[PDB]
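Chain letters run A, B, ... following the sequence lines, proteins first and then strands; every chain starts at 1.
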Amino acid sequence: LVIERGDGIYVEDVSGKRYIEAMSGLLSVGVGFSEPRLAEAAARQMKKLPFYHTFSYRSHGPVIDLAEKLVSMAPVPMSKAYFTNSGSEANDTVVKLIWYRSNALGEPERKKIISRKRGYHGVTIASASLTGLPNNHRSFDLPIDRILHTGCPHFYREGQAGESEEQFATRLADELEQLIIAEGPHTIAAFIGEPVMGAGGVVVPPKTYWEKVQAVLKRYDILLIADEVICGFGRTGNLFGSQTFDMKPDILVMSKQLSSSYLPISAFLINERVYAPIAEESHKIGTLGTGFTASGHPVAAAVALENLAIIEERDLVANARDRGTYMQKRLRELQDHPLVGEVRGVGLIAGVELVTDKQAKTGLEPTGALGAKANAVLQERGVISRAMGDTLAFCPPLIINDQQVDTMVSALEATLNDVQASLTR
Amino acid sequence: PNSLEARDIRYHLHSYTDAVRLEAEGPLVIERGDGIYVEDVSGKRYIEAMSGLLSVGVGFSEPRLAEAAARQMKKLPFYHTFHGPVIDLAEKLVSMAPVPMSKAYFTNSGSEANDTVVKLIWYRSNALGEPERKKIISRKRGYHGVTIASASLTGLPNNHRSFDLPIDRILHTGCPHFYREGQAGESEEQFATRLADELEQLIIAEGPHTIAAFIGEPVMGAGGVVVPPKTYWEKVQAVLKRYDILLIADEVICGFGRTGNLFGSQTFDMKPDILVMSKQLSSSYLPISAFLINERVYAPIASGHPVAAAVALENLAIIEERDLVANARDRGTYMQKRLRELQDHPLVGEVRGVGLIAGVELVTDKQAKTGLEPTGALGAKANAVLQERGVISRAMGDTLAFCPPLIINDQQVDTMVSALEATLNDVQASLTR
Ligand SMILES: Cc1ncc(COP(=O)(O)O)c(CN)c1O
């Protein structure tokens with residue numbers, strides 16, 4: 001499929017066929033594909049100061065405004081913002097600064113990072129190691145040393161026979177505590193988690209998961225990294241997924257949804273607990289020895305500022321919340337369809353996991369074929385979704401309206417009826 | 001209180017900055033650009049003799065790039081799928097390569113590019129059934145970026161201290177800086193021979209079957225504009241070829257006209273298997289980087305950003321149309337000559353450079369090759385005075401670097417070097433009083 005242009009929630013292929021972009025590109029195009037104010041902000045800044053760097057006591061207006069804006073928006077008190085080009089780079093720099101911080105606190109052994117199976121955190125050698133998906137690892141010799149993985153909080157696929165949802169949450173927290181104790185709690189620097197796992201199949205954690213996990217982390221004074229790369233800026237029904245799930249991160253990572261993917265930019269926020277010992281170490285060394293050439297890029301920063309202004313001016317967090325409520329309801333009305341194993345989601349993100357045998361939770365051979373078959377029909381019916389194995393993901397732009405949600409979910413129902421009628425046989 | 005400087009102090013953690021000092025002093029805030037000049041928020045204008053971060057090749061006020069960006073952003077601001085600017089740019093870069101290349105890959109940064117190259121090499125050795133051929137040899141004072149892997153490739157102590165780097169599998173051989181590394185009575189070519197011998201000794205000691213690749217900048221930028229001795233690259237390549245080790249040319253700084261040719265690989269007769277680009281690829285007007293691989297690399301293993309790609313394509317077209325490689329070559333010849341007229345200054349230990357990149361290393365005792373206590377104080381002192389005289393350089397320790405935009409003219413080169421000469425006289429006078 002060759003995509004040539006976009007407009008609102010739609011993209012068009014070279015033949016002129018229009019599709020609802022049900023994943024907003026890479027779960028990132030928040031304001032849709034034709035927001036003219038973002039091009040206006042880019043063109044204005046690029047003709048004033050197209051590039052300057054933030055190295056060595058230099059700065060510029062756009063990054064200063066954006067740093068203030070992001071800190072002011074934080075769901076918990078934050079101290080500083082640091083800028084990169086991608087979410088992958090951000091998580092990579094976060095791991096590096098966590099090691100630096102532990103050295104700056106006289107803890108040379110507190111260097112291990114706990115991630116989760118099916119988590120997604122980027123593609124650098126380090127951030128691909130954090131990533132808990134199989135295709136990211138073995139043939140790349142990953143994960144690197146110091147990165148650990150605990151279990152995926154996906155009740156439908158990980159719960160034991162007869163186990164309740166909250167018992168499953170308790171078991172995950174206990175398995176996390178068991179991991180920390182067996183590794184040596186003083187060796188664990190941080191735990192990283194998406195509020196909801198996006199690329200791993202839209203895994204919504206069981207209720208009480210984040211409360212119980214945070215109790216464990218607080219017991220050992222382990223840092224919490226909230227990876228808001230997908231869940232940020234209105235996706236889950238609040239500005240940040242951390243608010244939706246009552247998470248209190250020390251570090252909060254944001255991706256190019258900062259700019260609705262219109263330009264490469266990413267950032268993370270750190271609280272005073274993280275910043276202060278890093279600042280003192282940088283003073284003993286004489287510099288903080290890291291940074292990307294385009295960190296804080298003024299044109300990307302200008303576009304991000306305008307993108308955030310649009311989200312606030314047009315109340316897009318509330319719009320996503322309310323369209324999300326309607327989408328979640330419409331999708332769950334398909335629960336009784338013969339091919340629907342599970343419907344999961346919160347706010348404006350959802351997954352529909354397909355099966356052909358509901359009791360055994362199995363689909364076609366191999367797993368992935370059913371999702372690939374349904375996704376092809378869905379595309380033909382004018383909706384672009386992402387098949388994550390046998391899960392179809394829905395993550396449309398924040399500007400969508402109820403009429404468009406209705407069209408998207410009706411296309412999915414018709415798709416499932418088509419696939420059902422064709423499987424026999 | 002709500003000034004730009006105060007808000008930066010309050011909210012913004014800077015790269016490559018002492019955070020405690022930033023809180024006390026605040027940043028210098030840049031407002032706008034114009035050709036080779038930038039202007040700070042107080043209205044003072046400076047020659048950007050570093051092109052920002054050795055990157056703004058077409059200067060700071062090229063409105064054609066803004067129109068290219070806006071045009072794509074108004075058509076398709078983002079997609080992951082890929083005619084079109086990403087396809088067009090990949091084709092253009094392969095066609096421009098100084099040696100035959102097969103495929104182009106895109107990232108946002110040079111750091112991500114080098115990180116991905118390392119990952120691809122490990123994947124490739126596994127596909128070849130060589131699980132041990134995973135080590136990468138880099139060089140002391142080389143600079144290759146700041147991801148955990150590419151900061152490990154980097155050979156500068158500030159990039160490693162307290163970061164627990166380099167990771168395993170990354171080795172560093174010697175820096176090819178004759179002025180700082182040559183032994184008593186060793187000639188430049190003998191030093192090159194010794195460096196190739198030390199490289200071969202490292203390869204043998206590690207087990208040649210465990211070495212996957214060697215990475216080098218043609219000229220080391222961030223490490224202090226280190227020009228390798230004559231015959232270095234020929235002798236190094238002979239060693240690498242003997243053990244079937246891949247050559248990665250990191251052209252992030254040298255690419256697109258900086259060294260007097262399109263690529264530093266041409267200037268130094270390097271025949272890389274992998275070539276890494278960034279910076280002047282787009283003149284930094286938007287973040288984008290790329291690496292090329294040849295068929296040898298691609299055979300066993302057989303989503304750039306469309307707005308950034310469109311800007312890079314138009315940037316390359318400008319460089320082509322306005323003959324900026326030739327302009328930089330001819331302005332470079334003049335700059336190299338003017339800078340070397342200062343070699344006899346009492347504060348100048350060495351002038352080095354090729355094309356439009358140069359470094360001037362400062363000392364107070366020319367025979368001992370020592371400066372002030374500590375090393376770096378003399379460079380910081382002179383760089384501050386040069387900025388007072390309206391020229392932005394970069395102090396790499398006690399080396400002042402010059403890497404001006406490809407659009408500079410001879411009159412501007414003359415102004416820049418005259419500011420350095422007067423700076424060195426001022427600093428010398430201050431030291432003796
Ligand atoms: C030679 C070289 N390689 C790689 C990099 C890393 O590029 P980036 O800052 O875009 O990550 C740099 C940037 N200073 C460089 O000079």
Side-chain angles (χ1 to χ4, degrees), chain A residues 3-6 25-26 29 33 39 42-43 46-61 63-64 67-68 71 80-82 85-86 89 92 96 99-100 103 124-126 139-141 261-264 279 281-283 285-295 297 299, chain B residues 4 7-8 11-20 22 25 27-33 52-53 55-56 60 63 65-66 69-70 73-81 108-109 111-112 115 118-119 122-123 126 146-149 158-159 161-164 167 279 284-287 305 307-308:
Chain A
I3 298 301
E4 180 84 1
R5 47 179 67 76
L26 289 186
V29 186
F33 290 88
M46 196 172 293
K47 290 194 296 296
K48 178 178 181 190
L49 180 62
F51 175 75
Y52 212 75
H53 63 83
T54 56
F55 294 10
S56 309
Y57 315 92
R58 298 291 174 269
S59 199
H60 52 75
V63 67
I64 297 175
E68 175 186 28
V71 171
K80 302 284 173 290
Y82 183 90
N85 306 297
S86 63
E89 292 168 350
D92 189 296
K96 212 171 68 168
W99 293 347
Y100 192 88
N103 287 327
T124 72
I125 282 168
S139 283
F140 295 109
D141 295 347
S261 281
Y262 277 52
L263 292 175
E281 188 75 1
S282 76
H283 183 58
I285 297 176
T287 193
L288 177 64
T290 188
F292 304 88
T293 292
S295 281
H297 193 285
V299 183
Chain B
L4 287 163
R7 290 192 288 125
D8 187 270
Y11 302 118
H12 182 207
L13 177 69
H14 290 250
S15 316
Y16 287 115
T17 294
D18 173 345
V20 164
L22 182 92
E25 299 168 11
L28 179 67
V29 186
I30 302 300
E31 170 91 1
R32 59 182 335 111
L53 292 179
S55 53
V56 184
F60 291 86
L65 295 188
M73 198 172 303
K74 288 296 285 259
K75 178 177 181 174
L76 177 70
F78 176 80
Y79 214 71
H80 63 286
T81 194
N108 302 293
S109 64
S111 297
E112 282 170 330
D115 192 288
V118 173
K119 206 162 82 163
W122 292 348
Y123 181 90
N126 286 329
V146 302
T147 68
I148 280 167
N158 287 344
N159 287 94
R161 177 130 57 121
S162 290
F163 288 117
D164 291 354
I167 67 185
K279 284 184 201 269
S284 288
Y285 273 52
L286 288 181
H305 195 288
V307 184

Dump the intermediate steps for side-chain contact (heavy atoms from CB on, under 4.5 Å) on B:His12 and A:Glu68, then the final yes or no.
CA-CA 8 Å; B:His12 182 207; A:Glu68 175 186 28; over 6 Å; no

Calculate, to the nearest 0.5 Å, the distance between atoms [atom1] and [atom2] belonging to [X] and [Y] respectively.
X: B:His14; Y: A:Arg58; atom1: NE2; atom2: CZ; result: 10.5 Å
X: A:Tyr57; Y: B:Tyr16; atom1: OH; atom2: OH; result: 13.5 Å
X: B:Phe163; Y: A:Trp99; atom1: CZ; atom2: CH2; result: 11.0 Å

Most heavy-atom pairs under 4.5 angstrom with chain A, which of [options]?
options: B:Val118, B:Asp164, B:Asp8, B:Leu65; answer: B:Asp164
options: B:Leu4, B:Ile30, B:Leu22, B:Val29; answer: B:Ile30
options: B:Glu25, B:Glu31, B:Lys74; answer: B:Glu31
options: B:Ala308, B:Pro287, B:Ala69; answer: B:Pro287

Contacting moiety of [X], where chain A heavy atoms sit under 4.5 Å:
X: B:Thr81; answer: side chain
X: B:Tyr79; answer: side chain
X: B:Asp18; answer: both

Residue selection (most heavy-atom pairs with chain B, distance under 4.5 Å) from A:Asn85, A:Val71, A:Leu49
A:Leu49

Given A:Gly25, A:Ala67, A:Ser59, the one with more heavy-atom pairs under 4.5 angstrom with chain B than any other is A:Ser59

Sort [X] into side chain, backbone, both or neither according to what part of it lies under 4.5 angstrom from a heavy atom of chain B.
X: A:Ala81; value: both
X: A:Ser295; value: side chain
X: A:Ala294; value: side chain

Within the distance-only criterion (no hydrogens, no angle test), does the side chain of [X] pair as donor or acceptor with the backbone N or O of [Y] below 3.5 angstrom?
X: B:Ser15; Y: A:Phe55; answer: no
X: B:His305; Y: A:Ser261; answer: yes
X: A:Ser282; Y: B:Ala19; answer: yes

Heavy-atom check, side chain of B:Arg161 versus side chain of A:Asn103, under 4.5 Å:
no

Could you verify whether a donor N or O on one side chain and an acceptor N or O on the other, from B:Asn158 and A:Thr287, lie under 3.5 Å apart?
no

Under 3.5 Å, is there a donor on one side chain and an acceptor on the other for A:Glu89 and B:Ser109?
yes

Crowding at OH, B:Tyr123 (>12 non-hydrogen neighbours, <6.0 Å)
no

Please report the closest heavy-atom contact between [X] and [Y], naming both atoms and the distance.
X: B:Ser162; Y: A:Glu281; result: OG-OE2, 2.5 Å
X: A:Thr293; Y: B:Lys279; result: OG1-NZ, 3.2 Å
X: A:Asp92; Y: B:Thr147; result: OD1-CA, 3.4 Å
X: A:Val299; Y: B:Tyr285; result: CG2-O, 4.1 Å

